[PDB]
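Shown next as structure tokens: one chain only, the form solved without the named molecule.
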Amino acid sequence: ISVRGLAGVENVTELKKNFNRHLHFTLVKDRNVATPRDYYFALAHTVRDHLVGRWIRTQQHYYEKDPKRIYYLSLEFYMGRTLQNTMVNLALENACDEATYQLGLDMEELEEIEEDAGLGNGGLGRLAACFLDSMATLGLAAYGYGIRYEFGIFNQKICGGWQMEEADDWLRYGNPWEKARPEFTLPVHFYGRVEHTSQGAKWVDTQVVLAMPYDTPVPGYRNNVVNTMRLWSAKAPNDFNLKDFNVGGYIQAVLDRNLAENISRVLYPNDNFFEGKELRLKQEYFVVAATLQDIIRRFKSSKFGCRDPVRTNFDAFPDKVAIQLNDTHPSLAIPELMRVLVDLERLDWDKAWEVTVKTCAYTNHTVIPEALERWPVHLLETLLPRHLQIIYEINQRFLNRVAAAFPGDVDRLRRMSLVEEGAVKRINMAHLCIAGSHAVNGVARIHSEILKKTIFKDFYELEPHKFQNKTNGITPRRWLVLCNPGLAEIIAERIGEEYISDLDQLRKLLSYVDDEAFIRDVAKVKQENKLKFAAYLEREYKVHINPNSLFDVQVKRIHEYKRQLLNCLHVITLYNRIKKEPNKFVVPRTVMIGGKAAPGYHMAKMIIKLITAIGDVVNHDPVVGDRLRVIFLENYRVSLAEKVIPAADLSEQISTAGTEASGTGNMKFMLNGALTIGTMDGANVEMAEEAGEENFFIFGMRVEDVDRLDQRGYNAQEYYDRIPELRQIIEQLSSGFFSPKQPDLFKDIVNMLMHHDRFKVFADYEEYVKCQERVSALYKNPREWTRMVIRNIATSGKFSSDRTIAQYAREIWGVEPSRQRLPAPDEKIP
């Protein structure tokens, strides 16, 4: 059937009865009233059974051996479905497929019932998920810590061409994967005030919110390792949240509990955009405060909570603990770790600081200003009084270091301050992380260089040793084996299976670049993938596409910097050229654009309307025929990604040079047989470098060109004046060609493009369409297109998250990865 494992005689039999056990005893249903949803759950529970045994021994193991623990703090974990992935990592796929088949059910149909765990916005959240899978696969004692939002990223609905947001009630039917652990609930404080008494400061009169943990297993790839992802849920104490007496109403007191519990209610739907709301700050401290108590408790036991030097010496804390900050969201971990160490454990400042810096590491994910976290002091002042005092003290000593290093450099001092003066004072969370971490890293080579050259230049000059780079990656398991079994199979037929956990081995595929059978095969799976997607499209969304055309897709969050607008300009151009010479042949294309716009991002929502507007015109022009279709992919999310990417021919990674930190979708397309048209931005540079620029479609300004243009000054009118095709498009938008009933509907877009385009869309227009012509040329030559594809796939090895994690492990955490199978799952009950 494929290498989805063995369909053993004994195990298929065993699976079936357990499937039935759960259907009866767990779901309390009988075959005569069971629905596909019920069947999905019976299976989910059956599969979940297979990893609890392993989950328990793994955790027990780490308790015995006591290795250094890695704590990944992130406010986002874009998990997606977990049934299939679990079967894959446990080598259960074929057996389950067989068993469910014999039970008369279609496993694939059941898999579609699983709701996505959308606790993330996009790139940042998904990275955390790929990281977890890699850390488990590499045998690291790692823990993912976050918040269990009951409402993840909103589900997107297109009404009349506009995006409509609606709550993502992903827990409505329950989550068979998590395990509530109410017995490990911890308290978290808010507000209050600081008392300075005799021997130390005291955080007093605080409001308490309880943090209840929920564990979700994270299985490594076929190594019997199952790590844990702990998500915190907000709960109100039953005392004060009722006991603070003297009139108000008993009923009202109980109803008001949903005020402390709102903390974990919903994820902020912003991608690369900072919103300074109190609720957000509350979420950030909540995950930090709870997690740290858990971290220290585990440390206090270790082998110190037995003997060792005997005396809670936190000197070995950094040797046993490592906490990674996914961006600045969990930045309060630094001042909080100090608070605990100094205020509660009573360590001197300097000893506490040394420990903190040695255990904390910060990862930067963006350079755009509107995404940078700068919290107003009055907010920290009211909500976390002691933490503000600690930050000021950290700032004081840091700046003193600076003054000593650069005597007289008074401007440098204000520039490096963690505190920003002006309208309202703010705290620069990024500056805080750099100061309190022993390592700071970018997520791609160019992004990391930009940090040292620009944004954190002064910091780099002060402590050059702190700065590193760790190019992002993706997990080959979900992003290849899971979503594209067809391609994984033909690859395995030639080079084996060892590449799933050693993607570098994909290079061996280079020697088949001229193999006639392979070229035919690679081309076949892609054709099958395109047919399956073209079908899914009419199944769930309804209105036909042509599987023979070039599948041009751009899927990512909607942003001005991602330039979906540039993509739009090209599409309209193609249309106009066809309308000019109708009977001229052109390579057919189905351009698919999908992504979510943050609810408050007006422009982004305006772009979504433009896309659909274009499709309205283009898709109903009889002269165009099936040569050009414009489709907006609704509710783009992980599960949808697993469907389009494998079916894509052209991958669009067209951000303005210097704005996309790294990107990861790009990597997903490269590993799945799509060719990339893009700018020298983020990881695109390293991808072209790995596959050879001749096998990549690069165009547009490089970072330097962008800066040159900024010195000069960017004037869009120039481009409008010298390019007739471009002029024609702008006037079509301005006159209502795409919006008859509402002629001025797109005035904001036009106005912005001509007068305030922060991402110079026009500057890259000419080189972009020229380059697009080159891909169409190559598409006309199937054999060569596929051979170039083989060049990309065979050279994408470097972009596996196993490589990234191996690097974090050695160069930052100080731990050695291991591909050693944990001693089987075998029963055991001590």
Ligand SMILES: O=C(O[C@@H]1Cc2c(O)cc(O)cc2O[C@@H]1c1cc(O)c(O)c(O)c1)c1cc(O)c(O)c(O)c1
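Residues that one form lacks are left out of the comparison. In this text, rigid core is short for the largest set of C-alphas that superpose within 1.5 Å between two forms. Quick note: we count residues from 1 along the sequence shown, nothing fancier.
Although not depicted, the form deposited with the named molecule bound is the subject of the following passage.
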Legend entry - Clash check, the named molecule transplanted in the deposited bound form by site C-alpha superposition, 2.4 Å backbone/C-beta: open
Inset, instruction - Examine residue 494 and determine whether its closest non-hydrogen atom to the named molecule in the deposited bound form is within 4.5 angstroms. - result: no
Legend entry - residue 535: touches the named molecule in the deposited bound form, heavy atom cutoff 4.5 angstroms: yes
Inset, instruction - Determine whether any heavy atom of residue 348 comes within 4.5 Å of a heavy atom of the named molecule in the deposited bound form, and answer yes or no. - result: no
Inset, instruction - Please check if residue 108 has a heavy atom lying within 4.5 Å of any heavy atom of the named molecule in the deposited bound form. - result: yes
Inset, instruction - Just one of 717-725, 332-340, 156-164, 109-117 has residues with a heavy atom within 4.5 Å of the named molecule in the deposited bound form, so point it out. - result: 109-117
Legend entry - Interface residue in the deposited bound form among 579, 747, 643, 358, criterion: non-hydrogen atom within 4.5 angstroms of the named molecule: 643
Inset, instruction - Could you tell me which one of 755, 465, 620, 539 places a heavy atom within 4.5 Å of the named molecule in the deposited bound form? - result: 539
Legend entry - Regions shifting between the shown form and the other one, defined as 3+ consecutive residues whose CA atoms all move 2 Å or more relative to the core: 1-3
